[PDB]
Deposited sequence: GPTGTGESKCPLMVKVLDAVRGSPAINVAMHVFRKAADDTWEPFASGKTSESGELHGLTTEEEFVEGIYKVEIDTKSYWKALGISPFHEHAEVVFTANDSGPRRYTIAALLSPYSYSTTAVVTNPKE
């Protein structure tokens, strides 16, 4: 699994479950083309977005729909979404920690 996303909820102290995200790859004309997507599981994790053969070097964007998540909980959020943009050039775990008015994101980059 070349790419995994994990999302946590800092208000409830839990995995952030059923959070939708899309992954985009930067095209030559500077636009973002959809590449993959999914929703986090009960453990707040999203696996299997891509394979090693498909996951080639490039600039990737993970757009996490944090707003819909907070809406479902009845809490006013600040951000429209959380966006993680990076050059891939390895095993990637993107972790996102969510609060209504704040988020943090980290990458744990491992050599398989």
Since the structure holds only modelled residues, which stretches of the deposited sequence does it leave out? 1-9, 99-102, 126-127
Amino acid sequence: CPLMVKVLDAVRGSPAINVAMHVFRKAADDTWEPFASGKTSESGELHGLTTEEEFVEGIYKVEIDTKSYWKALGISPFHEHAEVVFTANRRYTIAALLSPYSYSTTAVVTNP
From here on, numbers count along this sequence of modelled residues.
I need to verify one thing: averaged over C-alpha atoms only, is the B-factor higher for 21-29 or for 7-15? 21-29
75-83 versus 30-38 - which carries the larger mean C-alpha B factor in the record: 30-38
Divide the modelled residues of the chain into thirds by Cα B-factor and specify which third, lowest, middle or highest, holds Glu53. highest
Name the third of the chain's ranked CA B-factors that contains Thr93, choosing lowest, middle or highest. middle
